[PDB]
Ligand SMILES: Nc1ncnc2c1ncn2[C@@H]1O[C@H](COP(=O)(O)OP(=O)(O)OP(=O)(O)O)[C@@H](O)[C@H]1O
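Shown here is one chain on its own, the form deposited without this ligand, set out as structure tokens.
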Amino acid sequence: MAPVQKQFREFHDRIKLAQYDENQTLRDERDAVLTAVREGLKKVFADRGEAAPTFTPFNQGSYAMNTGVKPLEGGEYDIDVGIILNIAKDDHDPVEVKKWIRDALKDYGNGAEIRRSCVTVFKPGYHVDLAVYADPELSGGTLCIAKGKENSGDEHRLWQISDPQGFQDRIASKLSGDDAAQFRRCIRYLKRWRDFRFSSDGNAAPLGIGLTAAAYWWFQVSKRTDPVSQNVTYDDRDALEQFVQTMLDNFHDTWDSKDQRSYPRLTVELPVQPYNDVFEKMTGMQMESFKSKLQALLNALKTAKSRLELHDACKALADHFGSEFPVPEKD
């Protein structure tokens, strides 16, 4: 294994967080929240003189896809779980259903809160986001998520077609074996870059699902196979360089009439329903800053390639990946 590749693999080992099926602690935190939901629904619906609805849970997010990273010091883990209630979407307002869930989790941890696409519970060190779905069998065979906040108007409270397991399947199935391993490593690298360089203004940070969808569209394996021995070596630095360049190539200067100027915009459609641009909520100014930081990262990947000393190559990378990127002592 080549030197800078060795450094990338060590970096990966430091940032990776084990997926649900390999992480008893995550499974326990998830299951504690789900048990609390069940008990709280018993109580909430007894107070209404009704039988509580049942739900089936399923894993979502980066810990379901084996792309999870550890948070930086002072950050929180983001546990994502979907719950499918045995209800018909046409019988209930979606924010009302989320209110059931929020009330059920009234006293669990540091309280609960209804967000646009989920109900969030808080615990020291992590939060659990519960995406709330209606039963497809009772709702016309489509899986719909409860969108809307308590303050949302009628047009913002909707049951939106969704496909989280299809997205998970697309990410799992794009590649296989060690190719898929490099794909997941590069997603993790960019998530740590995101956490390190978008910490001043978290609301301007690109969503992790947006980085993952971008990788789905544009990541390419970088490896070499020795023609005589068939030994295979991977080159994560080169894979990242090509991927970041392809992302940059897909920015488009977009005129904004209100501001009478252009902003660079990257559109990244989800590859499953509802096929939306994952970055659509980023402002033009946030996109300009995103592009500038991606460019600086690209320049660093290229500079790292041409350094004589491993120390200097790793320093150039740590300037963008943060202090857990290993930097060997200068001679």
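A residue's number is simply how far along the shown sequence it sits, counting from 1.
Another form exists, deposited with this ligand bound; not displayed. Remarks below refer to it.
Visitor: Want to guess which of 49-57, 296-304, 268-276, 30-38 is within 4.5 Å of this ligand in the bound PDB entry, heavy atoms only?
Guide: Within 4.5 Å of the partner lies stretch 268-276.
Visitor: Under a 4.5 angstroms heavy atom criterion, identify the one residue in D103, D78, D179, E96 near this ligand in the bound PDB entry.
Guide: Partner contact (heavy atom, 4.5 Å) among the options: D78.
Visitor: Ok, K174, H92, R116, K123: which has a heavy atom sitting within 4.5 Å of this ligand in the bound PDB entry?
Guide: Exactly one residue meets the criterion: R116.
Visitor: Is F251 near this ligand? Define near as a heavy atom within 4.5 Å, in the bound PDB entry.
Guide: Flag for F251 set to no.
Visitor: Can any non-hydrogen atom of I84 be found within 4.5 angstroms of this ligand in the bound PDB entry?
Guide: Output for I84 is no: heavy atoms all beyond 4.5 Å of this ligand.
Visitor: Though only this chain appears here, would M65 touch this ligand in the bound PDB entry if you measure heavy atom gaps against 4.5 Å?
Guide: Yes, contact at 4.5 Å.
Visitor: Using 4.5 Å between non-hydrogen atoms, is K191 touching this ligand in the bound PDB entry?
Guide: Yes.
Visitor: Can you name the residues of 156-179 that have a non-hydrogen atom within 4.5 angstroms of this ligand in the bound PDB entry?
Guide: Heavy-atom contacts within 4.5 Å come from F167 alone.
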